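Student: Take this structure, written in structure tokens, and hold onto it; I'll ask about it next.
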Amino acid sequence: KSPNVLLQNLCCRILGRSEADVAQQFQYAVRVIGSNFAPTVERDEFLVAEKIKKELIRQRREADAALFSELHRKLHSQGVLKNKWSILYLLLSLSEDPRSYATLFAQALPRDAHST
Amino acid sequence: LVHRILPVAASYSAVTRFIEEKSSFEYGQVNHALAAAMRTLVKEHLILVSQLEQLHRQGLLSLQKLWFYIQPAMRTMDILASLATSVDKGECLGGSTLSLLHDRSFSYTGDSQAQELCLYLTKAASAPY
Amino acid sequence: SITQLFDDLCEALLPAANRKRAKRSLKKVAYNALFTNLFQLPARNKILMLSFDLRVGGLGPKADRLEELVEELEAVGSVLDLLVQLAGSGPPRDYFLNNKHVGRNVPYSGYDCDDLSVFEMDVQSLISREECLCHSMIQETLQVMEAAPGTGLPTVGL
Amino acid sequence: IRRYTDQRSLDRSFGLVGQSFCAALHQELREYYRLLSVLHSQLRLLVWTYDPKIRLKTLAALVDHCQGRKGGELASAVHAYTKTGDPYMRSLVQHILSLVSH
Amino acid sequence: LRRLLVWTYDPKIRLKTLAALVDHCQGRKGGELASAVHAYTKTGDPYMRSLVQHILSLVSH
Amino acid sequence: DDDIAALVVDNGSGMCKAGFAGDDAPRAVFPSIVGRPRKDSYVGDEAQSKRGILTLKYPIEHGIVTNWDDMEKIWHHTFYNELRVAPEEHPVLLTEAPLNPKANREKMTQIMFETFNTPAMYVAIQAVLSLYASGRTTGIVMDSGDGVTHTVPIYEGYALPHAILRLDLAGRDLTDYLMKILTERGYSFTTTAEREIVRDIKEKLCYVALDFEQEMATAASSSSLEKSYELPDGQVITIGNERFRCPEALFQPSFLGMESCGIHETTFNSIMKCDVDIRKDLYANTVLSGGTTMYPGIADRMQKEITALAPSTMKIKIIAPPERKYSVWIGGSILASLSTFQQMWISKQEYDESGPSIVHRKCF
Amino acid sequence: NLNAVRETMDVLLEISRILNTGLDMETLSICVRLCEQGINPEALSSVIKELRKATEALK
Amino acid sequence: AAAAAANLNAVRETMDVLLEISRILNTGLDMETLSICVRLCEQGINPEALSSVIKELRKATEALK
């Protein structure tokens, strides 16, 4: 499936509606998603590991931050992916809590010193 | 042949002098916007000659090609160096060189290459006024 | 009527030179190729899939223009579905591009200088066409001079 | 033709129609600089250089005839050459006519 | 690229501006320093107008 | 081409249309007459004007052949006078009405290969040819011709024969009903020359509007609907209000005194007795026909009635060009020309090997 | 009405130039009048490509 | 083939692990939606834009309640 039709599948996944029932949402995301086709920062798998560990430290669950390292291992044991970074940056953004600053925390390489 | 190509150089040196001397504070806000919109038209010429520098090292450029290449820009700078001679002679600032830019926009209407230059130069320089 | 509009369509696509029996025969393929598809999910959404592909490879304001017209075209829907099929079967500067030396109430942006490399490609494409012209003037005559008489003259072809 | 178009593009009292005729001339002389670049790269080729002896033959007549004219009487010398029946010369005079009528 | 003159044209426009505020200001602190930036955004060249509209916002914090 | 030169002949009820395949107009239009003394025989204007001593007959009057001698002699005189070709060197397509019996078609092809001697043959129905003019093979074809009219549903392949509805509607019936209402009104009208002139005016000059009731009120409030017809003979018969109410049998049929249902009602009846799954696809190409499209304006009222026809579920998708008088002709002229159509065309070799009846199956 | 369908023809003009189609102005006016009848637009794309191939073989 | 279906079994195993990681951190996602999210990250796009479009679309489905 082409990258444009694929977003129309998303609006019918999240919303219960059809693509004909609502298209104004689908019209809103073609405007937003299409400006790029790439990440805006250069990637490293170490940083995204230490930001999911940072999250579980902030939820006081030290055993689960290392359960992840085992789930990272079985993912590597097959090794059919190289977009490991992107889907985890996705899931980390969408995290929920079952119950500061970032100007000093290390952020990814900006590509404002890299040819773009 | 190179003598025939020298006037667009004097029609560069006068133009680049205008931007430096008549952008100081004392010359007025309208003279700043005039020279800063004249500065962009320098910049398009400076881009060209670097691409020309690349082809010349590859042995792909000669006087016959170059003479052809500088043709649209020879008319462009000829309008700019003439206007610079006018403003400095008359010691213009404010609207006395917005009358001048008002008149020059009608002055060239038959070319449509020089007509679009002055109208752009007039839209830009009228903003401080 | 429809049986005339196939005769008018066949006239525009073919400038006159025969043109007395052939025009009747090209109206025959006008009926014959209309039914090959007929033998064997919104409409405005088919424009949006193209507007996506605009913004992917740059030029946002163009993609804003394609969607501006089709939204006032909703208030005729069967017309645009013909245009989207013939859109890949067609043919294969100015003072204003990356300017900041103009404008009145402009916010701060700082240096960019990663589109200054796409300020030299707007002009490299112009001058690379004005050299392929010189490449198409020396070829079109040397392809005739090298070959025997008969290739540019119809009379020695008799 | 070079002498003529250089003097009347620094003479502003010939009207803004003589300078539009001069602008049109600059456009036509621009295309002759394309051919000479191609020809310089190849360096008897008599053939390449005879088809401009048809063009320039028209050009000298066009320029020499329109001496002493400005305003609507220069619209009565570029209207001298809308009285032709050869489509090459008719195409030569159009994209002169629009600029001077402007 | 003509010794990269294309990338070094708006340089010596920013820097000449930021060597004038660094020339006008000399042992000024207080409202005399916020007067030492005033009327440097009213400049008719829009390049300098956009930059000293960024600077004064910082100084009046 | 790669098929020997094809000829197409439709023998109607008032004229025969003959000609060569791949010609836009009918190459020749002759009167439907075989002369018999009441001279020997003639086909043309002189024979048709001399009807009172040289008998005009009709080969078709009801969608079936009512005189076989007259139809074979008009087919032979189409091949000798209208075209003057020799029959054995041209494969010919002959016409039939839609849903004519199979054994009659066997008699037709036995006669066409034996008494007439063709090298290869085709016999086709009318609405399939109107469908090839509409640029499809699937759809509901409302076919109106001179002497034969049907609402034919046709899915891919052959028409659904259980749902084809025959309706008698032709231009001859129109000029007859104009005779009726004008003489009932009280105007003197008894002679055949006046009938010829009103048949001409009903076909060519006639006014039709959006509806009969609104135009009736408009004509009753003030009369200016009559445009004069000035012939040098001096016969002036036409009136504006009566000539639009002659084809009124298309919306309400009982103004003609017809017990058969109207045009809108028969096409509605036809699409309801097709399947509900193929209904939308046939309705995506519903076809107009009829020789009365010489005056355009009939199509607008037809488009109104097709909007009223199906329930409000999907929009109208009708092919309605204001030139469809020769639709059956232009279909055959493209169809018989084609080299691919040679693989559906039947020759004499198989025909002698497997009997005549296979012309129902090979060719259809 | 003719003022209204004129303005729809102008808006349909621009979207067929930026999409860089094989049509020109006059053939666009033919096809907008054709689909105004109810003719299938997936069908008109299959006729125009084959008609343009059969006409190009003569030249 | 057989080894090709073996690869298609192994990638389903990795995708099941990708489901497990999604649920131990508590997301609103399910496997059907994750099947789209994976192809989007295969084609390459900034994932902060995708998180932004998902965090708008989830607040456009609370207007069905």
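Ordering of the structure tokens sets the chain letters (A, B, ...); residue numbers start at 1 within each chain; ligands are numbered from 1 in the order shown.
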Excluding same-chain residues fewer than 3 positions from residue 56 of chain G, what lies within 12 Å of it counting only C-alpha atoms, as a PyMOL selection string?

Tutor: (chain C and resi 10+13-15+26) or (chain G and resi 49-53+59)

Student: Up to 9 Å from chain H, what residues of chain A turn up? Count only C-alpha atoms and give them as a JSON list (two decimals) with C-alpha atoms, in the first residue's frame.

Tutor:
```json
[["chain", "number", "residue", "atom", "x", "y", "z"],
["A", 3, "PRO", "CA", 2.09, 5.88, 1.91],
["A", 6, "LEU", "CA", -2.12, 4.14, 4.46],
["A", 7, "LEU", "CA", -3.09, 7.15, 6.55],
["A", 9, "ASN", "CA", -6.55, 3.26, 7.20],
["A", 10, "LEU", "CA", -5.44, 5.03, 10.40],
["A", 11, "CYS", "CA", -8.43, 7.35, 10.57],
["A", 13, "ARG", "CA", -8.70, 2.52, 12.98],
["A", 14, "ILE", "CA", -8.79, 5.25, 15.63],
["A", 15, "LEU", "CA", -12.21, 6.59, 14.81],
["A", 16, "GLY", "CA", -15.01, 4.13, 14.33],
["A", 17, "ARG", "CA", -16.12, 6.08, 11.27],
["A", 25, "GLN", "CA", -9.66, 14.58, 9.78],
["A", 28, "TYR", "CA", -6.08, 17.49, 8.25],
["A", 29, "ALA", "CA", -3.39, 14.84, 8.41],
["A", 32, "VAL", "CA", 0.49, 17.79, 8.64],
["A", 33, "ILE", "CA", 2.27, 14.52, 7.83],
["A", 36, "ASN", "CA", 8.76, 15.45, 5.45],
["A", 37, "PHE", "CA", 9.45, 11.79, 4.86],
["A", 38, "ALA", "CA", 12.27, 11.50, 7.39],
["A", 39, "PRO", "CA", 13.04, 12.04, 11.08],
["A", 40, "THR", "CA", 14.16, 15.54, 11.99],
["A", 41, "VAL", "CA", 17.05, 14.24, 14.13],
["A", 56, "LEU", "CA", 10.25, 3.59, 34.24],
["A", 64, "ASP", "CA", 10.48, -3.55, 34.20],
["A", 68, "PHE", "CA", 12.60, -4.35, 28.34],
["A", 71, "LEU", "CA", 12.53, -7.88, 25.11],
["A", 72, "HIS", "CA", 15.09, -5.83, 23.24],
["A", 74, "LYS", "CA", 14.72, -11.29, 21.49],
["A", 75, "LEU", "CA", 14.02, -8.54, 18.98],
["A", 76, "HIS", "CA", 17.74, -8.54, 18.20],
["A", 78, "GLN", "CA", 15.96, -12.47, 15.02],
["A", 79, "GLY", "CA", 17.03, -9.05, 13.78],
["A", 80, "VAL", "CA", 14.50, -8.49, 10.99],
["A", 81, "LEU", "CA", 14.21, -4.76, 11.77],
["A", 82, "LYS", "CA", 16.39, -1.69, 11.47],
["A", 83, "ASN", "CA", 13.56, 0.70, 12.23],
["A", 86, "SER", "CA", 11.16, 4.84, 15.28],
["A", 87, "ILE", "CA", 8.43, 2.58, 16.67],
["A", 89, "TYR", "CA", 9.97, 6.73, 19.86],
["A", 90, "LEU", "CA", 6.31, 6.34, 18.92],
["A", 91, "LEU", "CA", 5.32, 4.16, 21.89],
["A", 92, "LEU", "CA", 7.28, 6.28, 24.35],
["A", 93, "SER", "CA", 5.37, 9.36, 23.23],
["A", 94, "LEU", "CA", 2.03, 7.61, 23.75],
["A", 95, "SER", "CA", 2.72, 6.26, 27.23],
["A", 96, "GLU", "CA", 0.09, 6.27, 29.98],
["A", 97, "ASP", "CA", 0.17, 6.20, 33.77],
["A", 98, "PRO", "CA", -1.84, 3.51, 35.58]]
```

Student: Name the residues in contact with segment 25-41 of chain F at a cut-off of 6 Å, using only C-alpha atoms, excluding same-chain residues fewer than 2 positions from it; report them as an MDAnalysis selection string.

Tutor: chainID F and resid 14:19 23 44 53:57

Student: Can you write out the residues you just picked, keeping N, CA and C atoms, as a short mmCIF file (atom, residue, chain, number, x, y, z; two decimals), in the first residue's frame?

Tutor:
```
data_model
loop_
_atom_site.label_atom_id
_atom_site.label_comp_id
_atom_site.auth_asym_id
_atom_site.auth_seq_id
_atom_site.Cartn_x
_atom_site.Cartn_y
_atom_site.Cartn_z
N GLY F 14 -40.85 1.77 -43.32
CA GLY F 14 -41.18 2.80 -44.28
C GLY F 14 -40.06 3.09 -45.26
N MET F 15 -38.84 2.68 -44.91
CA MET F 15 -37.67 2.84 -45.76
C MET F 15 -36.73 1.68 -45.46
N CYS F 16 -35.89 1.37 -46.44
CA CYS F 16 -34.75 0.48 -46.27
C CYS F 16 -33.48 1.31 -46.21
N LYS F 17 -32.66 1.02 -45.20
CA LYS F 17 -31.37 1.68 -45.01
C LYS F 17 -30.28 0.68 -45.36
N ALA F 18 -29.56 0.95 -46.44
CA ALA F 18 -28.52 0.05 -46.89
C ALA F 18 -27.19 0.79 -46.93
N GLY F 19 -26.10 0.04 -46.76
CA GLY F 19 -24.81 0.62 -47.07
C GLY F 19 -23.65 -0.19 -46.53
N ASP F 23 -19.14 3.57 -42.76
CA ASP F 23 -19.61 4.86 -43.27
C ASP F 23 -20.58 5.43 -42.26
N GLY F 44 -38.32 3.42 -55.60
CA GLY F 44 -37.89 4.81 -55.65
C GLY F 44 -39.05 5.76 -55.45
N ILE F 53 -51.54 2.78 -58.72
CA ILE F 53 -51.59 1.82 -59.82
C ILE F 53 -50.38 0.89 -59.74
N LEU F 54 -49.46 1.16 -58.81
CA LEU F 54 -48.28 0.29 -58.61
C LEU F 54 -48.11 0.13 -57.10
N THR F 55 -48.54 -1.03 -56.59
CA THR F 55 -48.87 -1.22 -55.18
C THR F 55 -47.66 -1.09 -54.25
N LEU F 56 -47.80 -0.25 -53.23
CA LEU F 56 -46.84 -0.22 -52.13
C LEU F 56 -47.26 -1.25 -51.11
N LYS F 57 -46.28 -2.00 -50.61
CA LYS F 57 -46.54 -2.95 -49.55
C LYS F 57 -45.49 -2.73 -48.46
#
```

Student: Select residues of chain B: the criterion is any atom within 10 Å of an atom of chain C, counting only C-alpha atoms; output as a list in words.

Tutor: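 The complete set of qualifying residues is residues 33, 34, 35, 36, 37, 38, 39, 40, 41, 44, 47, 48, 50, 51, 65, 69, 116, 117, 120, 121, 123, 124, 125, 127 and 128 of chain B.
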
Student: For N, CA, C and O atoms, I'd like the residues from the last selection saved as a short mmCIF file (atom, residue, chain, number, x, y, z; two decimals), in the first residue's frame.

Tutor:
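File produced: part-v5.cif:
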```
data_model
loop_
_atom_site.label_atom_id
_atom_site.label_comp_id
_atom_site.auth_asym_id
_atom_site.auth_seq_id
_atom_site.Cartn_x
_atom_site.Cartn_y
_atom_site.Cartn_z
N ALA B 33 16.04 50.87 2.38
CA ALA B 33 15.23 49.87 1.69
C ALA B 33 15.53 49.83 0.20
O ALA B 33 15.38 48.78 -0.44
N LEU B 34 15.96 50.96 -0.37
CA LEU B 34 16.37 50.96 -1.77
C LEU B 34 17.64 50.14 -1.96
O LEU B 34 17.71 49.30 -2.86
N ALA B 35 18.65 50.38 -1.13
CA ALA B 35 19.93 49.71 -1.28
C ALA B 35 19.86 48.24 -0.87
O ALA B 35 20.57 47.41 -1.45
N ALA B 36 19.01 47.90 0.09
CA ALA B 36 18.87 46.51 0.52
C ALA B 36 18.12 45.66 -0.49
O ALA B 36 18.29 44.44 -0.50
N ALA B 37 17.27 46.28 -1.30
CA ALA B 37 16.62 45.61 -2.41
C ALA B 37 17.44 45.72 -3.69
O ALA B 37 17.15 45.02 -4.66
N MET B 38 18.44 46.59 -3.71
CA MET B 38 19.45 46.54 -4.75
C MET B 38 20.48 45.47 -4.44
O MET B 38 21.06 44.89 -5.37
N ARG B 39 20.65 45.14 -3.16
CA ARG B 39 21.64 44.17 -2.72
C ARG B 39 21.29 42.76 -3.16
O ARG B 39 22.18 41.96 -3.48
N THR B 40 19.99 42.45 -3.22
CA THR B 40 19.53 41.15 -3.67
C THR B 40 19.89 40.91 -5.13
O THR B 40 20.22 39.78 -5.53
N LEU B 41 19.89 41.96 -5.94
CA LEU B 41 20.19 41.81 -7.36
C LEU B 41 21.67 41.70 -7.61
O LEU B 41 22.08 41.23 -8.67
N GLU B 44 22.16 37.70 -6.97
CA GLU B 44 21.88 36.77 -8.05
C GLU B 44 23.04 36.70 -9.03
O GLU B 44 23.31 35.61 -9.53
N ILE B 47 25.91 34.48 -7.60
CA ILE B 47 25.63 33.05 -7.66
C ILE B 47 26.08 32.48 -9.00
O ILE B 47 26.66 31.39 -9.07
N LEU B 48 25.83 33.24 -10.08
CA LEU B 48 26.08 32.77 -11.43
C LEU B 48 27.54 32.45 -11.64
O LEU B 48 27.89 31.30 -11.96
N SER B 50 29.99 31.73 -9.81
CA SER B 50 30.54 30.55 -9.16
C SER B 50 30.22 29.28 -9.92
O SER B 50 31.06 28.38 -10.00
N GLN B 51 29.00 29.17 -10.46
CA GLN B 51 28.71 28.06 -11.36
C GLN B 51 29.55 28.15 -12.61
O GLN B 51 30.00 27.13 -13.14
N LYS B 65 30.63 31.69 -24.96
CA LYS B 65 29.55 31.25 -24.10
C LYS B 65 29.24 32.29 -23.03
O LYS B 65 28.08 32.58 -22.76
N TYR B 69 25.97 34.41 -21.77
CA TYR B 69 25.42 34.16 -20.45
C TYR B 69 25.09 35.45 -19.72
O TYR B 69 24.08 35.54 -19.01
N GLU B 116 9.62 45.09 -14.78
CA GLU B 116 9.40 44.33 -13.56
C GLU B 116 10.47 44.62 -12.51
O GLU B 116 10.23 44.42 -11.32
N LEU B 117 11.64 45.11 -12.94
CA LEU B 117 12.70 45.49 -12.01
C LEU B 117 12.28 46.67 -11.15
O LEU B 117 12.35 46.62 -9.91
N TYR B 120 9.31 46.19 -8.71
CA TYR B 120 9.77 45.49 -7.51
C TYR B 120 10.60 46.42 -6.64
O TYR B 120 10.49 46.39 -5.41
N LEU B 121 11.42 47.25 -7.27
CA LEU B 121 12.23 48.20 -6.53
C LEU B 121 11.38 49.27 -5.87
O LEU B 121 11.75 49.80 -4.82
N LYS B 123 8.00 48.78 -4.90
CA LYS B 123 7.27 48.14 -3.82
C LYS B 123 8.14 47.98 -2.58
O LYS B 123 7.66 48.15 -1.45
N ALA B 124 9.42 47.69 -2.79
CA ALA B 124 10.32 47.48 -1.66
C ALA B 124 10.66 48.79 -0.97
O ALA B 124 10.61 48.89 0.26
N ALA B 125 10.99 49.82 -1.75
CA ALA B 125 11.47 51.06 -1.16
C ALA B 125 10.36 51.92 -0.57
O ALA B 125 10.65 52.84 0.19
N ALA B 127 8.04 50.86 1.48
CA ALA B 127 7.68 50.39 2.81
C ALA B 127 8.09 51.30 3.97
O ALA B 127 7.28 51.45 4.89
N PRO B 128 9.29 51.91 4.02
CA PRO B 128 9.54 52.86 5.12
C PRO B 128 8.70 54.12 5.03
O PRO B 128 8.35 54.68 6.07
#
```

Student: Could you tell me which of D:46, D:86, D:25, D:30 comes closest to residue 3 of chain D if we count only C-alpha atoms?

Tutor: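 Once distances to residue 3 of chain D are computed over only C-alpha atoms, the minimum belongs to D:25.
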
Student: May I have the residues within 8 Å of segment 132-146 of chain C as a ChimeraX atom specification, using only C-alpha atoms and disregarding those fewer than 2 positions away in the same chain?

Tutor: /C:128-130,148,151-152 /D:34-35,37-38

Student: Grab the residues selected above and save them as a PDB file, in the first residue's frame with C-alpha atoms.

Tutor:
```
ATOM      1  CA  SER C 128      21.584  23.453 -17.942  1.00  0.00           C
ATOM      2  CA  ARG C 129      18.673  23.848 -20.342  1.00  0.00           C
ATOM      3  CA  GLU C 130      20.432  26.643 -22.211  1.00  0.00           C
ATOM      4  CA  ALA C 148      23.417   9.969 -47.314  1.00  0.00           C
ATOM      5  CA  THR C 151      17.153  12.095 -44.991  1.00  0.00           C
ATOM      6  CA  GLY C 152      16.356  15.807 -45.146  1.00  0.00           C
TER       7      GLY C 152
ATOM      8  CA  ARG D  34      23.327  31.139 -29.364  1.00  0.00           C
ATOM      9  CA  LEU D  35      24.357  30.071 -32.862  1.00  0.00           C
ATOM     10  CA  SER D  37      28.464  29.813 -29.385  1.00  0.00           C
ATOM     11  CA  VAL D  38      27.608  26.502 -31.067  1.00  0.00           C
TER      12      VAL D  38
END
```

Student: Could you write out as a ChimeraX atom specification the residues of chain B within 6 Å of chain D, counting only C-alpha atoms?

Tutor: /B:64-65,68,110-111

Student: I want to know what sits within 6 Å of segment 7-24 of chain G, based on only C-alpha atoms, with residues of the same chain fewer than 5 positions away left out; could you give that as a ChimeraX atom specification?

Tutor: /C:86-87,90

Student: Please dump the current selection as a PDB file, in the first residue's frame; keep C-alpha atoms.

Tutor:
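The result, stored in result.pdb:
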```pdb
ATOM      1  CA  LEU C  86      -4.220  11.511 -17.513  1.00  0.00           C
ATOM      2  CA  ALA C  87      -1.872  13.126 -14.993  1.00  0.00           C
ATOM      3  CA  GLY C  90       1.182  13.995 -20.104  1.00  0.00           C
TER       4      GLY C  90
END
```

Student: Go through B:74, B:10, B:46, B:101 and flag the residue nearest residue 118 of chain B, using only C-alpha atoms for the distances.

Tutor: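 So, comparing all the options, the nearest one is B:101.
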
Student: What is the distance, in Å and to one decimal place, between atom CA of residue 324 of chain F and atom CA of residue 288 of chain F?

Tutor: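 A separation of 7.5 Å between them.
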
Student: Distance atom CA of residue 65 of chain C-atom CA of residue 12 of chain C, one decimal place?

Tutor: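 Distance between the two atoms: 29.2 Å.
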